[PDB]
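Some notes on the structure that comes next.
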Amino acid sequence: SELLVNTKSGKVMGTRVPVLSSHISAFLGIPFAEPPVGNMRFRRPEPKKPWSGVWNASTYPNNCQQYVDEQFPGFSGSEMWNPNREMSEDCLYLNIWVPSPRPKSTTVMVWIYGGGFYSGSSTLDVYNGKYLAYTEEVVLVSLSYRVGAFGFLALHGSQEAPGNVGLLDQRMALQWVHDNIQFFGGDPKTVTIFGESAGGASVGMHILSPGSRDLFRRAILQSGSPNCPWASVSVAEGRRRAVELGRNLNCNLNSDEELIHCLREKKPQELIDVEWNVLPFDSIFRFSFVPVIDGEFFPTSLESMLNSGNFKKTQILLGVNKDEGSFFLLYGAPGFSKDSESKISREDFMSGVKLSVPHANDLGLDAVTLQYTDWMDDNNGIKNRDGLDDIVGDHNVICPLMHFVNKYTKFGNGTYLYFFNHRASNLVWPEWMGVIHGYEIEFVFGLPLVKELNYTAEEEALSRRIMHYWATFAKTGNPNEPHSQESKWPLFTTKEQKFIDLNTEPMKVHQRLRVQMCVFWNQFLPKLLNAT
Ligand SMILES: *[C@@H]1O[C@H](CO)[C@@H](O)[C@H](O)[C@H]1NC(C)=O
Ligand SMILES: *[C@H]1O[C@H](CO)[C@@H](O)[C@H](O)[C@H]1NC(C)=O
Ligand SMILES: CC(=O)SCC[N+](C)(C)C
Ligand SMILES: CC(=O)SCC[N+](C)(C)C
Ligand SMILES: [Cl-]
Ligand SMILES: [Cl-]
Ligand SMILES: [Cl-]
Ligand SMILES: [Cl-]
Ligand SMILES: [Cl-]
Ligand SMILES: [Cl-]
Ligand SMILES: [Cl-]
Ligand SMILES: [Cl-]
Ligand SMILES: [Cl-]
Ligand SMILES: [Cl-]
Ligand SMILES: [Cl-]
């Protein structure tokens, strides 16, 4: 039986699914860890105890407990990111799409979802790996991990809530793939992990963490990097937020043991209800429970690891979208709304800058303001809006990524950088939002190949082009087809710093992505805030 696979953890039975007038095998809901429930909440994951009998892997598993976006009820633009399955703390499962007939030893790609470490599901329609598994002949795996306080509550020193357990969930899933993917026809020595935003940051964190390095061959980071102002906190800040969470739930705060005991007795939704009250500043693009620089998963500060080359040396493919910050301004910045063009007044622009750079003093804010303001026309609502959009994307995604790429390439074995600037023709979000954060994903997963989804013929060509770059990179460490007549995606080098745009137009090569603004964010502003 092509749908029956015997693994080291036990037997599993998948289901046959249709895809682009053909079919492939799908094994959904495979458990890789013991349910992290009860006294196991906030604790490191435990491997799933082997089972006798056949595990039914015909349907999607539950999604981890998380905040649910209800800012636009019934709107597909936002609900397509929400959990589409019931939520439960019993959520540590992985899904696998296997070509048919089953391969013997083919390239494997493991997807790590984003969601600011506070949300995300492996079951979203936009993450369906059948199109990619079928089109590129790869074994596509999508894992899951605890988010919110459930996966990142951090009380360093404690052994009940050490922090980073969400990252350990990811690692345990990677370990499972390492040990069992061969049974599904995948090559465990040719595993590429890829993810977007928080998932991209996660990928970078596995590149850094010694305990994850041996579990994969190469990586792809989309709109995310480990060094991002929002992807991690110090052990002290992690502790402060954990304590504050307890304070919000009337917990005994006399000891970690007591705090944890109290937090474990609360219902999931109780923690989620007050999750956002623990942020230290009024801000956007900042999440409460994220990875912590603890000295375990991360030996030293991320910057010192990057400077000394203390990370896995392999090939990486990464990039960003043109308008990473628009989503976050819509949800929290004054003056922005979904049904208007969101032309911003000078006043709202000022408020936006403050929300975007919470760690900056007045001089720092003046610096950012000066850098992104057209003083010949500073009341221009469109320029104010776009300027704010750039500030958010540059500070939170692009410049941190450019810093990572510059540091990684010094020791790496091959870097490929892209700039995705094509807005989907069928995007339901307003036009002012541009090439939105996360909207390159549908292209990576081949949704444009599905007629009923209504993408242009050109967009279908882009998706196929992108999927082939990704899969070819996963397979060989180079996105370019050897001896092909296609345009070549040049390697990114310290010297030339080349990258390509990813859109429906003929591929063009550029250099020094966002270098002017990133020198400001990566070199100048930090010096300024330090000197003042
Ligand atoms: C990658 O490493 C191999 C040796 O393992 C070397 O031959 C090759 O030139 C390297 N490629 C780059 C661009 O670093
Ligand atoms: C999984 O397979 C079983 C066969 O044992 C089938 O009866 C069941 O419908 C499947 N799971 C679902 C959809 O509940
Ligand atoms: C800005 C948006 O449309 S939300 C996307 C959520 N994701 C980055 C984790 C996929
Ligand atoms: C992009 C987002 O959903 S953050 C908004 C959540 N908040 C209302 C609790 C701050
Ligand atoms: Cl076995
Ligand atoms: Cl289909
Ligand atoms: Cl830890
Ligand atoms: Cl930080
Ligand atoms: Cl405490
Ligand atoms: Cl609940
Ligand atoms: Cl607080
Ligand atoms: Cl900041
Ligand atoms: Cl000034
Ligand atoms: Cl830099
Ligand atoms: Cl859409």
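Numbering of residues begins at 1 and proceeds along the displayed sequence. Heavy-atom basis, side chains included; hydrogens, waters and symmetry copies ignored.
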So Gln71 and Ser78, do their side chains get closer than 4.5 Å, heavy atoms only? no
With distance as the sole test, does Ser326 use its side chain to make a donor-acceptor pair with the main-chain N or O of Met433 at under 3.5 Å? yes
Between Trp176 and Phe184, what is the ring plane arrangement, given parallel below 30°, perpendicular above 60°, and tilted in between? tilted
Within the 4.5 Å heavy-atom criterion, are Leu155 and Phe42 side-chain neighbours or not? no
If I take atom CG from residue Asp169 and atom CG from residue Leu92, how far apart are they, to the nearest 0.5 angstrom? 4.5 Å
Can you tell me if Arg239 uses its side chain to pair, donor with acceptor, with the backbone of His156 under 3.5 Å? yes
Are a donor atom and an acceptor atom from the side chains of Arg171 and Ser212 found within less than 3.5 Å of each other? yes
Between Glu237 and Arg240, is there a salt bridge with N-O shorter than 4.0 Å? yes
Over 60° means perpendicular and under 30° means parallel, so classify the ring planes of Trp230 and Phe117, tilted if in between. tilted
Does NZ belonging to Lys338 count more than 12 external heavy atoms closer than 6.0 Å? yes
Just jot down the ring-ring contact (aromatic ring centres under 6.0 Å, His included) partners of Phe336, sequence neighbours excluded, or say none. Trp432
Do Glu440 and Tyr418 pair up side chain to side chain, a donor and an acceptor below 3.5 Å, judged on atom types alone? no
Going through the distances and angles, do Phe473 and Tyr469 end up as a ring-ring contact (aromatic ring centres under 6.0 Å, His included)? CA-CA 6 Å; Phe473 169 80; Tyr469 282 147; over 10 Å; no
Please list, chain by chain and in numerical order, all residues satisfying side-chain contact (heavy atoms from CB on, under 4.5 Å) with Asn95, sequence neighbours excluded. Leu28, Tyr60, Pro61, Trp97, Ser122, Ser142
Which residues satisfy the side chain to side chain donor-acceptor pair (under 3.5 Å) test with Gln269, sequence neighbours excluded? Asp273
In terms of ring plane angle, is the pair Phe287 and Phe285 parallel, tilted or perpendicular, where the classes change at 30° and 60°? tilted
Would you check if there is a donor-acceptor pair between the side chains of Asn227 and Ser225 at a distance under 3.5 Å? yes
Quick check, are the ring centers of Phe216 and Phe194 under 6.0 angstrom apart? no
Centroid-centroid under 6.0 Å between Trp111 and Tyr127 rings: yes
Heavy-atom count check: over 12 atoms from other residues, nucleotides or ligands less than 6.0 Å from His359 NE2? no
Residue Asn277 excluded, over 12 heavy atoms near CG under 6.0 Å: yes
Tell me the closest heavy-atom pair linking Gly224 and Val397, and the distance in Å. N-CG1, 4.5 Å
Around atom NZ of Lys322, are there more than 12 heavy atoms of other residues, nucleotides or ligands at under 6.0 Å? no
Answer yes or no: does atom CD of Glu265 have more than 12 heavy-atom neighbours from other residues, nucleotides or ligands under 6.0 Å? no
Evaluate the ring planes of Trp55 and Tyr93, with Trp represented by its six-membered ring, and classify them as parallel (under 30°), tilted (30 to 60°) or perpendicular (over 60°). tilted
Spell out, as yes or no, whether a donor-acceptor pair under 3.5 Å connects the side chain of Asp294 to the backbone of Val235. no
Side-chain donor-acceptor contact under 3.5 Å, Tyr439 with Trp429: yes
When the ring planes of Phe152 and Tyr145 are compared, do they come out parallel, tilted or perpendicular, using 30° and 60° as the limits? perpendicular
Examine the side chains of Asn454 and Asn426 and answer whether a donor and an acceptor come within less than 3.5 Å of each other. no
Nearest 0.5 Å, what's the CZ-CZ distance between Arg43 and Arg264? 6.5 Å
Only one of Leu502, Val126, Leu462, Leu449 forms a side chain to side chain contact (heavy atoms under 4.5 Å, CB included) with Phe443, so which one is it? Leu462
Would you say the side-chain atoms of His437 and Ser197 include a donor-acceptor pair closer than 3.5 Å? yes
So, taking the atom named CG in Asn164 and the one named CZ in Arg146, what distance separates them when rounded to the nearest 0.5 Å? 11.5 Å
Could you tell me if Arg423 and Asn321 have a donor-acceptor pair between their side chains, going purely by distance under 3.5 Å? no
Checking side-chain polar atoms at under 3.5 Å, does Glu459 have a donor or acceptor matched by the opposite partner on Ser425? yes
Main-chain N/O of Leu124 paired with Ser121 side-chain donor or acceptor, under 3.5 Å: no
Flag the pair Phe349 / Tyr372 as yes when their ring centroid distance falls below 6.0 Å, and as no otherwise. no
Can you find a pair of side-chain heavy atoms, one from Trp521 and one from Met402, that are under 4.5 Å apart? no
